[PDB]
Amino acid sequence: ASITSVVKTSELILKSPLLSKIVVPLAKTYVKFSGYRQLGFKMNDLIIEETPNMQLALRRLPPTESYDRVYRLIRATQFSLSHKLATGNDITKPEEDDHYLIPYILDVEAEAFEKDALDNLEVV
Amino acid sequence: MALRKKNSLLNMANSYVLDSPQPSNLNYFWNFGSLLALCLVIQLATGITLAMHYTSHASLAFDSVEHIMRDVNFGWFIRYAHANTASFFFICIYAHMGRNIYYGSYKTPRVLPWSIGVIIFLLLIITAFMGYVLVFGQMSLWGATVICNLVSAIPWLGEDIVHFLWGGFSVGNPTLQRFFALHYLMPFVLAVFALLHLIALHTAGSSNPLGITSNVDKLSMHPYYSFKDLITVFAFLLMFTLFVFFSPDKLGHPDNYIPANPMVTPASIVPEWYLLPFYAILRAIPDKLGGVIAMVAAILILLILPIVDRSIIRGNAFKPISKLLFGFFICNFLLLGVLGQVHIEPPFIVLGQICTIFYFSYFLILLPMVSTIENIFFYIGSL
Amino acid sequence: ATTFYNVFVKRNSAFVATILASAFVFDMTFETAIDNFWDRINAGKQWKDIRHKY
Amino acid sequence: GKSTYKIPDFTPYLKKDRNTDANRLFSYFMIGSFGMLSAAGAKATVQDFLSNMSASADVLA
Amino acid sequence: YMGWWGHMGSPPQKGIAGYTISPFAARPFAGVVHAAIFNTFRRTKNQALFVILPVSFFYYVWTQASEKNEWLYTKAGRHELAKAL
Amino acid sequence: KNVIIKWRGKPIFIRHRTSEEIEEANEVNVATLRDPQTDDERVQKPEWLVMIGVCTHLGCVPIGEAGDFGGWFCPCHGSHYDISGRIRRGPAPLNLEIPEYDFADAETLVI
Amino acid sequence: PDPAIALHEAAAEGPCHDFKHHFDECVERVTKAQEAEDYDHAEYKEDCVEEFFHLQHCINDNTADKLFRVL
Amino acid sequence: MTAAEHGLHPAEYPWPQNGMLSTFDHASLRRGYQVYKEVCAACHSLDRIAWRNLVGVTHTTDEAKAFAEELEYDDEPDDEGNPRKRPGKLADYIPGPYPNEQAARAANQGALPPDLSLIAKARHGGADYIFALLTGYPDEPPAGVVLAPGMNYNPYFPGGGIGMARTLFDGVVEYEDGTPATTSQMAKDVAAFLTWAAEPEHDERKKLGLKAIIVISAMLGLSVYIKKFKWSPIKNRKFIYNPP
Ligand code: HEC
Ligand code: HEM
Ligand code: HEM
Ligand SMILES: CCCCCCCCCCCCO[C@@H]1O[C@H](CO)[C@@H](O[C@H]2O[C@H](CO)[C@@H](O)[C@H](O)[C@H]2O)[C@H](O)[C@H]1O
Ligand SMILES: CCCCCCCCCCCCO[C@@H]1O[C@H](CO)[C@@H](O[C@H]2O[C@H](CO)[C@@H](O)[C@H](O)[C@H]2O)[C@H](O)[C@H]1O
Ligand code: FES
C-alpha cells in the first residue's frame, strides 16, 4: 500500500466523530503493544525504504533529520543484536514520535501519481 | 589488492562466504539456510554412496536395501542418515519458510529469491517422493500408486500421462528404474535453484529481524556468521545423532519393511509426514480434479504473498495483530498435517474442510485485511 | 605460559601439529575408554561374556 | 553524552589480566580443543563412512 | 539496494562515535547468569500469549475431535455413528 | 467363488455368480446409483462377473464377500461395492471397471 | 509353570476388578442373548471385545514389569 | 475404526535392550534361536539370515558350521550338466520350510506365514508386539466373536482372527542352558532373537552413538564459547552521538 492511501483513509476516519471515537483509542493501544518505541524508533523509521519513491523521499530529508535517523537505526540494530530494550532517554516518548518523513513521501508520491494520470490523458 | 578480491574465481567465493556484508542483528532463525545447505550436502554424500550399492530393478530393489543394512560396512548408518536427513531437510525448510513469512522476506526487493524459493520447495517434494519409492516396500508402492493416479485427473490426457509416467499399466519395474534416475538427478537441479535464489538475494542482501535497512551497519559474513552457524550445526548433529543411532525408525512406517505387493493393500496409505498437510487439503475437496488443483494451489499461493501483504512495514516484529494471525496460520498448518493421517471418518472430515478454508483465507482475506488495518493503526496511533 | 605459548601456539604450523597430534591421542584413548565402559554397563550380556561356555 | 574522548564504561567486561600470555593461552586452549575434536570427529566420520567401499560381508564370505 | 564495502548505500553518517574492546580483553560470559534468568524471562513473558493462544486453541479443537471420533466407534456411539455416516 | 488373477499388475476379480446372486444384482433400481448401470451393461455373460479389482476411489483393492451390499469392501476409506461390483456406499465415485474381455471358448476368457 | 498365569489372575481379582466385572456381565448378557431364538436373524449382535480390551489393557499395565522381572 | 479393527496395543515390556546404553542379552538371543529352530521354523522362514551371522552373536564358528553342514544345498551342475547337492557352508542362508508361497499357503489353511527376518521392524510394537501376540491367545474368544474357519482369536492381531494357532506351551523346548521353558520365557527369548534378526547392527550402533553424543556435545559447548568470544566486540559496542 502507498503512504498516500494510508494517509487518506486515516483522514476519513479522523473526520467522522463516531469512527474516531472508536478507532483512535484502539490505534493508541496498538502502538503501545507494537513496542517499536522500546527500541528507540519513531514510527516512520519502520517504513519500507527499498523503493524508488522512498529512496527519493529519504534524499530530500534535511541533513539533520537524516543524520538522526541513521543514528536511531544503528542504535536499534544494536539493541536487536544484544536482545536488550531501550531505557531512559533512549525510549521514544509519544511526543517525540513525529512524522518527519510523511510530508516528503506524500510529495514524491503526489508527483508520481499525477504523472501516471497525465500519461493517460485524452484530449476531449 | 588482496588475492581474494583480485582473482575472479576466489572473488565469487569471497562475495558469498567471507566479505559478504550481513546485517549485524540476524537472530538464530537466519541459521536455517546453512542447515539446509548441510542437509543437501549430507543427502548428496549419503545418496551417492547408497547408489553404489542399490539396485533399481524391482526384482532386487528391496533386497539391495536389506543388503545395505546387513552386509555393507556402515551401510546401516548411511541408510539411516539418508532416510532421517530427508525428514530434517523438511523441518529446516519449514522453519526457513516460516522465518521468511514472519519477517516479510518475500516483500520487495526480495520477490525474486522468494519466488525461486517456492520452486525449490516443489523440487524438494518431488525429490523426496521419488526417493521414498526406491525402497519398494508396501508404502513405497502404494504411495506411488495413489499419488501418480492423481495425474489421471488432468482432463482428456490424464490417463495417457499416467501410463507414460509409469512406463506401463501400473507401478512396476519401469517406474522404479525411472524414479531412480530422476531421484539421482533432481538434487542437482535443486542445488542449482538454491544457488539461483542466493544470487538473486545478493542484490538486496539479507533482510533482518527489525525489517529496516542494514546498509547503515554491516558485519562480514566471516567470522561472525561462520562461528554462529557452527552452534546450530552442532545442535543439528546432536538431533541427527539421537535419531540415527538411538531411534533410527521413529520417523518411518513399519509397512515399508514389507516387500511391495500389488495385490494386498496396506491398512492405511499415507504420505511421509512432511507431505501430510497437502494431503489433508486434497481430501477436503470431494472432487478428484478439484482436490488436485487445491493441493497444488496450496503451494503456488505462496507466490502471491508479495501482493496480498499490504503493509507499509516489513515483517511482524512490531505488528501484534499480524503476529496473532501468523500463530493461528502456523498451528492450522500443523493441524492439517495431523488430519492428513487420520482415517476418513467423522468428525475429521468436516474439520479438515474448515482447516482448509482457514489455510486459503489467510492469503486471500485475512492478511490483506489485517495488513490494511495495521497500516492505519500505525499512522493514527503515532499522530 | 609464555613458554607454552611460544612453543605450541605462536606458530600456526606448531599449533596445527599439536592439535593433530592431540586428536590422534584422543582418538586412541577415547576408543579404549568407551570400550571398557561399554563392557562394564553391559556386563554378562555380550557374546564375549558367555563365549566361554561354548 | 558529548565528549568523544571520554570512553564509555567497559569495566563490566574488561579483564585485568588482558595483556598476559596466560590470558591468550586460555582462549587458544578452547580454540585448540575445538579444532582437536573436529579433527578427531572428521577422521572417525571419514574412516567409518569410506569403509562402505571395502568388501562387504557377503563378498568376504 | 545494497552496494559494497565503502559504498554500501547508507545515507551519510556523521556525529556517531563507536567504541568497543578486543575479544581477548573482554569476558565473553560477563553477565551470563543475569541474562540467562532475567533477560530470558522478560523476552519469554512478552511473547508468551502469541504462542499460548493459538497452540491452546488448536490443541483443544484436536482433543475434542479425537475424543468424539473415538466415542463414535464404540458400542455406545453406534447410533450417532450411523447418523454421522 | 471370486478369483483374483493378476493382469498388468492390477488384480482381476472373477466371480462365478450363482443364479440368486444375479437376481440380487438385477434388483437395485438403477435410479439410485452414483454410477447408474445394470448388470447386463457390466457382464457379457451373467455367470461371469469380470472386473478390475482396483477401487475407484484412490486405487486400493477391495476385499471381496465383505461390504454392506455383500460384494466387495474397500478397507482403505470404507467404500462398498455390489454383486455387480457397483458402488453403493463410501467415497468411491464409479463402479469397479470392467476390462476388455472376450470368451474365446466357453471355458476360457482372454482379458 | 508360567508365571504369567498367577500374575494375571492376581491383577484381575485386584486392581482390575471393576473391568473384570464389566467383562463378566457383558459375557452373561451376550450368551443369554445367543440362547434366545431368532438371534441369527437379528440386526445387531453384541460382542464383548470392548470390555475384554479394557480388562486386558488393565492387566497388562499391572503385570508387564512384574512378569519380565521373573524371566 | 473400532479398537478390534486396530488390535489391542501391546504393553511396554522392559527389554534388556531398552536403554540408550544397553545391548541385547546374548544368552537370551541364543535361547531365542533355539525356539525359532524347534517351533517357528516349521512354518516360518528366516531368509535374510546366513549361518555366518550367528557367529560371535549366539554361537561359535564351529557350532554354526555344524548347523550349516547338516543341510544340503544346490551345487553347480556336474560335468554332464546334471543337478548336484552339497553340504551347507557359513555363507549359506538359513533354508525355509516351503519351496514357494503356494506350498506355504497349502500347509496353513490358506494363510501365508511371513518371513520373520524383518518382522520386528515390520510391525508397530516390535518385540512387544511379538511377545504380546505369542502369549495373548485367550482360552476362549470373548462372547460374540465369530471366527472365520481356520482362524484363532488373538486380540493383538488387527481384527482378532489370526491364521496362526497358539504354538508356545510350557516345555515344548528344552533349553540347553537349563532355563525353565515356560510360555512366557520362550516368547521373551524368541522375541529378543527376532529383534536381533531385524536389526543386527543394534549393539554396535548404540555404542557408536554414545561416542558421537559425547564428542558432539563437547563440540557444541566449545562452539558456544568460541562464538561468544568472537562476538563480544559486537555485543559490547557503545555509541556516543553528537547530532551535527
Ligand atoms: C504351524 C504354523 C505356525 C507355527 C508353528 C508358527 N506360526 Fe507364526 N504364523 C503362521 C501363520 C499361518 C501366520 C499368518 C497368520 C495370518 O496372517 O492370519 C503366522 C503369523 C506370524 C506373525 C505375524 C502376525 C502378523 O502381525 O501379521 C508373527 C510375528 C509370527 N507368526 C511369529 C511366530 C513365532 C515367533 C512362532 C513360534 C515360536 C510362530 N510364529 C509359530 C503359522 C505359524
Ligand atoms: C535432496 C536430496 C535428497 C532427498 C530429500 C532424498 C530423499 C530420499 C528418501 C526419502 C529416500 C527414502 C529413504 C528410505 O526410507 O529408505 C531416499 C532413498 C534413496 N536415495 Fe535419496 N534423497 C536425496 C538425494 C539423493 C541423491 C543425490 C542420491 C544419489 C543417488 C540419492 C539416492 C538414493 C537412493 C539410492 C535411495 C534408495 C536407498 C534407500 O532407501 O536408502 N538420494 N532418498
Ligand atoms: C535447498 C533449500 C534451500 C537452501 C539451501 C537455502 C539457503 C538459503 C540461504 C543460505 C539463505 C541466506 C541465509 C538465510 O537467510 O538463512 C537463504 C535466504 C533465503 N531463502 Fe533460502 N534456501 C533454501 C530453500 C528456500 C525456500 C524453499 C525458500 C522459499 C520458499 C527460500 C527463500 C529464501 C529467502 C526469501 C531468503 C532471503 C531471506 C532473508 O535473508 O531475508 N529458500 N536461503
Ligand atoms: C555459496 C558458496 C560460495 C561460492 C560462491 C557462490 C557462487 C555464486 C557466484 C557467482 C555469482 C556472481 O556473484 C557476483 O559476484 C560479484 C563478484 O564475485 C559480486 O560483486 C560484489 O563484490 C565485489 C567484490 O567482492 C564488488 O566488485 C561488487 O561491487 C559487489 O557487488 C556480486 O555481488 C555477486 O552477485
Ligand atoms: C584421505 C583419507 C585417507 C584414506 C581413508 C581410509 C579409508 C578406510 C580406512 C579404514 C576403514 C576401515 O578401517 C576400519 O574401520 C573400522 C571402523 O569404521 C574399524 O572397526 C572397528 O569399529 C567397528 C564399528 O565402528 C567394529 O565393527 C569393529 O569390530 C572394530 O574393529 C577397524 O578397526 C578399522 O580397521
Ligand atoms: S481407496 Fe477404495 S475406499 Fe478409498
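These numbers come from the heavy atoms of this one structure, side chains and all, not from hydrogens, waters or symmetry mates. Every number for a ligand or one of its atoms is a count from 1 in the order of the listing. Naming convention: chains lettered A, B, ... in sequence-line order (proteins, then strands); numbering from 1 in each chain.
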Verify the contact flag for [atom], where contact means a protein heavy atom under 4.0 Å away.
| atom | answer |
| --- | --- |
| atom 4 (C) of ligand 5 | no |
| atom 31 (O) of ligand 5 | no |
| atom 24 (C) of ligand 5 | yes |
| atom 18 (O) of ligand 5 | yes |
| atom 28 (C) of ligand 5 | no |

Taking only heavy atoms of B:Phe74, which atoms of ligand 5 are found under 4.0 Å from at least one of them?
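Within the 4.0 Å cut-off of B:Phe74, ligand 5 contributes 18 (O), 25 (O).
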
Check each atom of ligand 5 against the heavy atoms of D:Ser51 and keep those under 4.0 Å away; list them by number with element.
11 (C), 12 (C)

Got a salt bridge between C:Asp35 and H:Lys207, using NZ or NE/NH1/NH2 to carboxylate O under 4.0 Å?
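Salt bridge flag = yes for H:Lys207 with C:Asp35.
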
Out of H:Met164, H:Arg105, H:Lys37, H:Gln109, who gets a non-hydrogen atom closest to atom 39 (C) of ligand 1?
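Of the listed residues, H:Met164 has the closest heavy atom.
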
Nearest-contact summary for atom 27 (O) of ligand 1 - protein heavy atom, Å:
H:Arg123 NH2, 2.8 Å

Can you confirm, on distance only, whether ligand 3 has an N/O atom lying under 3.5 Å from any N/O atom belonging to [X]?
| X | answer |
| --- | --- |
| B:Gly33 | yes |
| B:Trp30 | yes |
| B:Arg110 | no |

Please state whether B:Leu40 comes within less than 4.0 angstrom of ligand 3, counting heavy atoms only.
no

Near atom 8 (Fe) of ligand 1, is there an N/O/S atom from H:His44 that is less than 2.8 Å away?
yes

I'd like to know: is atom 8 (Fe) of ligand 1 within the 2.8 Å range of an N/O/S atom from H:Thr167, strictly under that distance?
no

Counting from 1, what ligand 1 atoms have a heavy atom of H:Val39 closer than 4.0 Å?
5 (C), 37 (C), 38 (C)

Is H:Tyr36 close enough to touch ligand 1? Criterion: a residue heavy atom under 4.0 Å from a ligand atom.
no

With the threshold set at under 4.0 angstrom, would you say H:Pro114 reaches ligand 1 through any of its heavy atoms?
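It does; at least one heavy atom falls under 4.0 Å.
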
Applying a heavy-atom cut-off of 4.0 Å, say which part of H:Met151 lies close to ligand 1: side chain, backbone, both or neither.
neither

H:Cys43, portion touching ligand 1 at heavy-atom distance under 4.0 Å:
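H:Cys43 to ligand 1: side-chain contact only, backbone stays beyond 4.0 Å.
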
Would you check the N or O atoms of H:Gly163, main chain and side chain alike, for any that come under 3.5 Å of an N or O of ligand 1?
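Yes; the residue has a nitrogen or oxygen that sits under 3.5 Å from a nitrogen or oxygen of the ligand.
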
Atom 21 (Fe) of ligand 3 as vertex, arms to NE2 of B:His197 and NE2 of B:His96: angle to 10°?
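The two atoms form an angle at the metal of about 170°.
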
Would you say the rings of B:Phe329 and B:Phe363 are close, in the sense that their centroids are separated by under 6.0 Å?
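Distance test on ring centres: under 6.0 Å, yes.
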
[X] contact mode with ligand 3 (heavy-atom cut-off under 4.0 Å):
| X | result |
| --- | --- |
| B:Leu36 | both |
| B:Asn31 | neither |
| B:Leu124 | neither |

